[PDB]
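Since the structure comes first, as structure tokens, the remarks are kept for the end.
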Amino acid sequence: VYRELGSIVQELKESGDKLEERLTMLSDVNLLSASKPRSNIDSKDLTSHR
Amino acid sequence: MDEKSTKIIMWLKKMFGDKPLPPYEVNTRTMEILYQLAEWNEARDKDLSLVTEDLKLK
């Protein structure tokens with residue numbers, strides 16, 4: 001009984017960890033919709049600087 | 001006149017590289033023309049460099 005419950009807890013834990021990882025990824029600011037273009041030209045935008 | 005003259009001589013040295021600068025009549029008019037030309041070339045060279053780098057990126 002102890003081995004069986006142990007397996008169920010592990011499966012739930014692995015699923016829980018994977019979900020947290022995905023949520024963290026989806027909350028990345030660069031992925032989030034059309035923030036109003038930045039008013040300042042990004043240092044990485046070489047064309048606008050030129 | 002002494003500053004414009006220096007700019008012209010430096011510019012001519014840059015353009016003619018390792019070749020001895022040819023002797024020319026240094027008068028007020030020849031210096032003005034050379035000076036306008038030097039300013040124009042410098043401004044265009046800058047513009048062309050920026051365009052060339054951008055085209056590489058594109």
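Coordinate-derived values only; no laboratory data. No Cβ is skipped: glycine too gets one built from the backbone with ideal geometry, and neighbour counts run over all protein chains shown.
For the residues A:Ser27, A:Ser33, A:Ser39, the requirement of being loosely packed, with under 10 Cβ neighbours inside 10 Å, of a type outside the set (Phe, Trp, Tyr) and under 25 Å from B:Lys58 (Cβ atoms) singles out A:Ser39. Screening A:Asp17, A:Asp45 for residues that are within 14 Å of chain B (Cβ to nearest Cβ) and either surrounded by 10 or more Cβ atoms within 10 Å (Cβ to Cβ) or over 30 Å from B:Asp47 (Cα atoms) (or both) leaves exactly one candidate, A:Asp45. B:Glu53 meets all of the listed conditions (1) more than 30 Å from A:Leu46 (Cβ to Cβ); (2) surrounded by 10 or more Cβ atoms within 10 Å (Cβ to Cβ); (3) among the acidic types (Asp, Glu) but one, namely (1). For region B:14-58, the candidate set comprises residues that are among the small types (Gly, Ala, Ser) and not in a loop (DSSP other than H, G, I, E, B); within that set, the residue that is farthest from the other protein chains (Cβ to nearest Cβ) is B:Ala38.
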